[PDB]
Amino acid sequence: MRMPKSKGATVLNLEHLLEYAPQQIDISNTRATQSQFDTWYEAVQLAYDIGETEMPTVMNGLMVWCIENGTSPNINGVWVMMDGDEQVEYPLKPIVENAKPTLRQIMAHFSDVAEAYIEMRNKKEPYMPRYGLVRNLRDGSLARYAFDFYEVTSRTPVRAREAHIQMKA
Amino acid sequence: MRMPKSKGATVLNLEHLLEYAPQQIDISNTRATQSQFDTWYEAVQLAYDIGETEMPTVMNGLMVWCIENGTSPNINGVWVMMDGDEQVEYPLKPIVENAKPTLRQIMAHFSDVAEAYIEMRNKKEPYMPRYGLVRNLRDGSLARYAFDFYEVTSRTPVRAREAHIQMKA
Amino acid sequence: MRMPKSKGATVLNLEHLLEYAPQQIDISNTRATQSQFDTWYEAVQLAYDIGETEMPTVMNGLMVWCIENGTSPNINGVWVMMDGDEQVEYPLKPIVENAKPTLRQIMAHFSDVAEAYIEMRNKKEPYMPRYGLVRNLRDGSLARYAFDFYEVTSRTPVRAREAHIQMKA
Amino acid sequence: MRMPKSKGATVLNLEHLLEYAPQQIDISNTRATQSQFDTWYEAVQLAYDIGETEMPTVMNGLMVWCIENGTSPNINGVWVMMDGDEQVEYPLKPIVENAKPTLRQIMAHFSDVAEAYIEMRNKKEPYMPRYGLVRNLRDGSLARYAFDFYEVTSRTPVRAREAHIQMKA
Amino acid sequence: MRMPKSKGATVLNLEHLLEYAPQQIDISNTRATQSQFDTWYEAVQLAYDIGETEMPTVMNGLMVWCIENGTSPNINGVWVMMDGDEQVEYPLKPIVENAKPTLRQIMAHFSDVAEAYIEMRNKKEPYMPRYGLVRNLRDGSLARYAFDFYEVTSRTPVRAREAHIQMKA
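Residue numbers (my numbering), protein chains in the order written: chain A, 76 to 244; chain B, 76 to 244; chain C, 76 to 244; chain D, 76 to 244; chain E, 76 to 244.
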């Protein structure tokens, strides 16, 4: 093999070269960077006039809303939260404006947790996310992966990779 | 797994995260929100000069009309109600103007009840909604699902999902 | 045979003609020339204000970043390095501007080493570069070749040649 | 690179230039200078016979008026303030006079605050400034940029830059 | 080939022509000559009553002003310097006078240094000169070329050549 050279010197080290072991999600372009996610968090927090005691509760339903309604909604719209049987409405402009590059990449930070919620739902009655009810997904084991902000990593079953290709087609 | 992080703190809670259990129809974009449905109700009520004693009766036939004539009609038109053998006419502009985002989403609040009416009809003589007589649906058990404002949830038989895909194609 | 002639004289020699034995990568247009790589190295070094003691470490992650995120990114963007659990951000404009003719050819100097890193990763948990998770590559032995700046030489297995044709299609 | 030279000596420090980091709005010709704004403030104060206890209230209504009626009005005209349900009438020549170079540049000092007021109005009922209701702007998210005295800096989203080009055309 | 001839004798050495290798900027008409620049320097120095200890600081702000406000301003105007938070006001006729042929050609001597300042600003927050924010330049990499007194030589990337043609159109 040949290691990169510049003016007769190696430019890629020898020890740390075979020691750097990052995580796939961290250095991937499918999700927004940590700085971008932080900016989106406070911008949404400042727009809704919510403190640090109710904001975690509010963001629980936004992830659930994006499971069943996607991550590319109309800006001039609203997304719903339910406190009991009442539909509590929130403006959707702050969610999208302050999300860079796209809301899907920002929502991709919720990929791991969103499967836990769907698996919970798939313990009482069959629950299939709408994103999979419009692309004709019949499997009941792939319901945990039927949201548009899912991150495909090197831990995803092969059937799921084919399903997302079929879904997005 | 990794839960969303912002400035070294979890932003998705731990207990209410695995307790929020909404209903699919409530947080879905296939139907208008409760506020939107309320606005459409009074706007139509105020346009027809009807009180709270005949309006429930009038809206019974509007749902039946939309079963057999769809939810995307010409605004400058009329929809018919039958009191005995006489065709009582109502303007159709108030139904569509005041419906946001679309009349189909507003009519989607009648998805559950519209199946009860069709099943009633399918107890004396075979009744197939027109929306299914123009897309060549031959099954007699799918007649209860042959209206354009049907809501596909995680309780719909798999054959029905294929039928609507075939119908809308 | 006929050897090139000009004014009644051979113009291709006889001894050194059958002695010149270059290497395929050196005289190939799939990678930038040594002068071009040197210019890109110092230009990136001068833009980041880094000496000759940390620059080899920084370029380790840029190669890893290009494995999972390609070699044609948006100039007005950033690429991430991880020191522990923190995302250290670098501007991406110096990487692309000063790379001639393209960053893929400049990154092609890292083709040999990038396989060593992937093979390392493929010793603890299955690691498939993202560039192969979006083109539906299922083989686990071709993971070492699933980056866009791979150089196809006369040492590459035949299956790999077909895979890259299928991947790039 | 080459420095500017005069009689064999450098004419630029290039050490304080590294220090020199002015703000874009301060050294821009899109807004009047601080001295010009001070002249306009006192002259308007002297024309309306108002002290330093009601003038801050007075200029609150002037900024809102320029949002909905532009910054190029007739000199022989009036601008309206509302105290309750009554229209308080103010002469408009004191505004369009003593405002150099133009009233738009003087009004550009209110660009930041004018967006806070618009974002306030877009929390109860949809509010689009009349400047955007005559140029066919159908995106309510861009309502915060629909005043002619908006200042385009290097913090404006790319959407707003295209919208203003479309509006001013 | 044919040499220029006069009375049966060559009029060109063609041995010193091989020696003659001038710089493109030096013998270009896009910038004022050295004598013209020296005249503009002393005349501006004599007009502002400033010595040789503060003038290098003074011209630092003038170059930045021309980046964001162009090199064709009104003679009966002022250009702003910032010492801290205060706007220092300077007359602008001493600048647009004693600057022949044009101020742009005089300002062209700062083309190399003006890019260093812009590249400095594009290290903390995105900074695009106002010259490019009014001509719809959406590429932040080309921010280093977004001043009207830029000199196009045979070292400018092909991107910048097309951008300036698009901008000046």
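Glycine included, each C-beta is placed from N, C-alpha and C at the ideal position.
Mark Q162 (chain D) as exposed unless 16 or more other C-beta atoms lie within 10 angstroms of its C-beta, in which case mark it buried.
exposed
Three-way DSSP call (helix, strand, coil) for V139 (chain D) in this model
Helix, per DSSP.
Candidates B:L178, B:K82, B:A189, B:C141: which alpha carbon is nearest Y116 (chain B)'s?
B:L178
With which residues is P166 (chain B) paired in a DSSP beta bridge?
B:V153
For a test of the three-state rule: what should DSSP assign to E161 (chain B), helix, strand or coil?
strand
I'd like to check one pair, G215 (chain D) with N151 (chain A): are the Cβ atoms closer than 8 Å?
yes
Interface partners of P201 (chain B) on chain A, CB under 9 Å:
Correct list: empty, because the minimum Cβ distance to chain A is about 28 Å.
Would you give the residue range spanned by the alpha helix (DSSP H) that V227 (chain B) belongs to?
Segment: none, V227 (chain B) is in no alpha helix (DSSP H) and carries neither H nor E.
Please identify, using Cβ separations under 7 Å, the residues of the stretch 79-101 of chain B that lie next to chain A, in order along the chain.
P79, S81, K82, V86, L87, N88, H91, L92, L93, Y95, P97, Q99, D101
DSSP state of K82 (chain B), grouped into three classes?
coil
Buried versus exposed, by CB contacts within 10 Å (16 or more), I181 (chain B):
So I181 (chain B) ends up on the buried side.
Please report the distance separating the alpha-carbon of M76 (chain C) from that of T228 (chain A).
57 Å
Helix, strand or coil at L212 (chain E) according to DSSP, with G and I counted as helix
coil
Using three-state DSSP, classify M203 (chain D) as helix, strand or coil.
coil
Buried or exposed for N104 (chain C), going by 16 or more other Cβ atoms inside 10 Å?
exposed
To which residues of the same chain is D223 (chain D) closer than 6 Å at the C-beta, ignoring the five residues directly before and after it?
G145, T146, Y206
Would you verify that the beta carbon of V188 (chain C) is, or is not, closer than 8 Å to some beta carbon of chain A?
yes
Considering just the uninterrupted stretch of the alpha helix (DSSP H) at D187 (chain D), what are its terminal residues?
186-196
List the residues of chain A that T132 (chain C) touches, going by C-beta distances under 7 Å, in chain order.
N88, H91
How big is the Cα-Cα spacing for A244 (chain C) and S186 (chain C)?
21 Å
Roughly how many angstroms lie between the CA atoms of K199 (chain A) and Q98 (chain B), to the nearest whole one?
13 Å
Name the chain D residues that come within less than 7 Å of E117 (chain A), Cβ to Cβ?
Ordered by position in chain D, no residue passes the 7 Å Cβ test against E117 (chain A), which lies about 16 Å from the chain.
Quick one: what does DSSP say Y95 (chain A) is sitting in, helix, strand or coil?
If DSSP states are grouped into helix, strand and coil, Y95 (chain A) belongs with coil.
Taking only the alpha-carbon atoms, compute the straight-line gap between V133 (chain C) and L212 (chain C) and give it to the nearest angstrom.
Take the alpha-carbon of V133 (chain C) and the one of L212 (chain C): they are about 29 Å apart.
Could you please give the first and the last residue of the uninterrupted alpha helix (DSSP H) stretch that includes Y220 (chain D)?
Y220 (chain D) -> no alpha helix (DSSP H), and no H or E assigned at all.
With 7 Å as the C-beta to C-beta threshold (strictly closer), list the residues of the stretch 104-128 of chain A near chain C in chain order.
Within the stretch 104-128 of chain A, those residues whose Cβ lies closer than 7 Å to any Cβ of chain C are, in chain order, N104, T108, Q109, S110.
Residues of chain A with CB closer than 9 Å to the CB of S216 (chain D), please, in chain order.
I150, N151, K168, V171, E172
So, does the CB of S229 (chain D) fall closer than 8 Å to a CB anywhere in chain E?
yes
Return the chain-ordered list of same chain residues with a C-beta closer than 6 Å to the C-beta of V86 (chain C), the five sequence neighbours on each side being excluded.
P79
Within 8 Å (strictly less), CB to CB, does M157 (chain A) reach chain B?
yes
Cβ pair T108 (chain B), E164 (chain A) closer than 8 Å
yes
Between A:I100, A:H184, A:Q111, A:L93, which lies nearest to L137 (chain A) when the distance is taken from Cα to Cα?
Here the closest residue by C-alpha is A:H184.
Just the C-alpha distance for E190 (chain E) and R219 (chain E), rounded to the nearest angstrom, thanks.
5 Å
Rounded straight-line distance, which links the Cα of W140 (chain B) to that of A235 (chain B):
22 Å
In angstroms, rounded to a whole number, what distance separates the CA positions of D124 (chain C) and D158 (chain D)?
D158 (chain D) has its alpha-carbon roughly 59 Å from the corresponding atom of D124 (chain C).
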